[PDB]
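The primary structure of each chain is shown beneath.
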Amino acid sequence: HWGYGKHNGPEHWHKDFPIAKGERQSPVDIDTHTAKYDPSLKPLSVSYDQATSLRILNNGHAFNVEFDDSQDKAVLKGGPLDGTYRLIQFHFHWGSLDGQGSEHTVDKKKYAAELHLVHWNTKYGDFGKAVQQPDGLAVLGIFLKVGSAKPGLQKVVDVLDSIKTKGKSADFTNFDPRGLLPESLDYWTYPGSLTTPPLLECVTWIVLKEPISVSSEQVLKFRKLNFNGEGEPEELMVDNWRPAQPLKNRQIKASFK
């Protein structure tokens, strides 16, 4: 099955998921000089004060923090979006080295990691229905650079030794995702896809201009996770990023000049 190895990595995914070669695949390179400032774009509205985190899971590809999305508790609105999008999970993609790990790039620059806050359009009723719609998902992407610690990340880093291997989960209540947001909500936006199989073309991407900083120790802890299940041979969970895909017939819009 699919992964990030030599024999099952992103260059192979098209064999099982032909939409891999589609017209609106993600991630992409964000060419900052050719992105179009769009003064009709609204400021994002991030309403995470009533978020209810449930659990953290190692799914064999990344780790995911899951939220109660059965009510409008943590929602994204505004920006390029019509309607209300509910937070269902977040997860990260990261590298083996600080010079790689992000999925999106900015003028070809890679960051050490990238956070995806995944939201679905409430008009579709559930996440499974939403991923089948061209406007089903809104993913807020946030770059991570290595520098000072991010204190709001530390609770995540703490619990990782409880989910070292594929299939392990742990209770993860009362986590506040506001602690993972940079100061500015200036963003780029474009229509794209999930960055993992099934690679569905259902995502309005909103990629924040400003990275967050995390410490070397924090990213190092991501790198001690395992792709494998307990009792299988150990393979470190690193470099779980898809590279940039062709922009094709798309224009990236910017909320800022």
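Scoring rules and cut-offs
Residues numbered from 1 in each chain as written, not as in the entry; some residues may be left out. Heavy atoms only, no water. UniProt positions renumbered as here; feature names shortened; annotations may be inferred. Helix = DSSP H or I, 4+ residues; strand = E, 2+ residues; numbered from the N terminus. Contact = heavy atoms within 4.5 Å. Polar contact = N/O pair within 3.5 Å; in protein donor to acceptor, adjacent residues only side chain to side chain. Salt bridge = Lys/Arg side-chain N within 4 Å of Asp/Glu carboxyl O. Buried < 20%, exposed > 50% of the residue type's maximum accessible area, 1.4 Å probe, protein only. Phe/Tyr/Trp six-rings, centres within 6.5 Å; stacked < 30°, edge-to-face > 60°. Pairing = 2+ DSSP bridges.

Per the PDB record, the structure was determined using X-ray crystallography to 1.50 Å resolution.

K.L.:
Just to check I follow, could you spell out the UniProt feature "binding site: substrate" in the protein chain for this structure?
P.N.:
Sites flagged by UniProt as "binding site: substrate" map to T195 and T196. With respect to the helices and strands, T195 occurs in the loop between β12 (187-192) and β13 (203-208). When neighbours within four sequence positions are excluded, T195 is seen to be in contact with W13, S26, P27, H93, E103, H116, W205 and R242. Engagement of the side chain of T195 in a polar contact is seen with the side chain of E103, the distance being 2.6 Å.

K.L.:
What's the story with the pattern of salt bridges in this structure? I'm lost.
P.N.:
Where charged atoms from two side chains of opposite charge come close, those side chains can pair. Tallied over the entire structure, the rule returns twelve salt bridges. Note that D72 and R86 form a salt bridge whose closest N and O atoms lie 2.5 Å from each other. With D72 in the loop between β5 (63-67) and β6 (75-78) and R86 in strand β7 (residues 85-94), this pair connects stretches of sequence that are 14 residues apart. For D72, a relative accessible area of 46% translates into the label partly exposed. What makes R86 buried here is its relative accessible area of 15%. A salt bridge links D135 to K123; the nearest nitrogen and oxygen atoms lie 3.1 Å apart. In this pair, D135 sits in the loop between α1 (127-130) and β10 (137-146) while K123 sits in the loop between β9 (113-121) and α1, placing the two residues twelve residues apart along the sequence.

K.L.:
Help me out: how do you make sense of the environment of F17 in this one?
P.N.:
The topology assignment puts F17 in the segment before β1 (29-30). A residue is classified by how much of its surface remains accessible, and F17, at 22% relative accessible area, is partly exposed. Placed 167 residues apart in sequence, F17 and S184 show a C-alpha to C-alpha distance of 36 Å. Not counting residues up to four positions away in its chain, the partners in contact with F17 are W2, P197, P198 and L199.

K.L.:
What exactly am I supposed to notice about the packing of aromatic side chains here?
P.N.:
How two aromatic rings sit relative to each other is set out by the distance from centre to centre and by the angle between their planes. For the structure shown, the criterion picks out 15 aromatic pairs. Plain terms: the ring middles of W2 and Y4 are 5.9 Å apart, the flat faces sit at 75 degrees to each other, and that makes the pair edge-to-face. As far as burial versus exposure is concerned, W2 and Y4 are alike and both buried. When the ring of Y4 is compared with that of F227, the centres are 6.2 Å apart and the planes differ by 20 degrees; the resulting orientation is stacked.

K.L.:
Can you walk me through the pairing of β7 in this structure?
P.N.:
Looking along a regular strand, one sees the side chains alternate between the two faces of the sheet. Across the ten residues that make up β7, a large majority, ten, are buried. Bridge analysis of β5 against β7 gives three bridges, and the strand direction is antiparallel. The residue bridging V65 from the neighbouring strand is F90, located in β7. Hairpin connection from β6 to β7: six residues lie between these consecutive antiparallel strands, with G79 at a positive phi of about 60 degrees. Bridge analysis of β7 against β9 gives nine bridges, and the strand direction is antiparallel. Bridging across to β9, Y85 finds its partner in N121.

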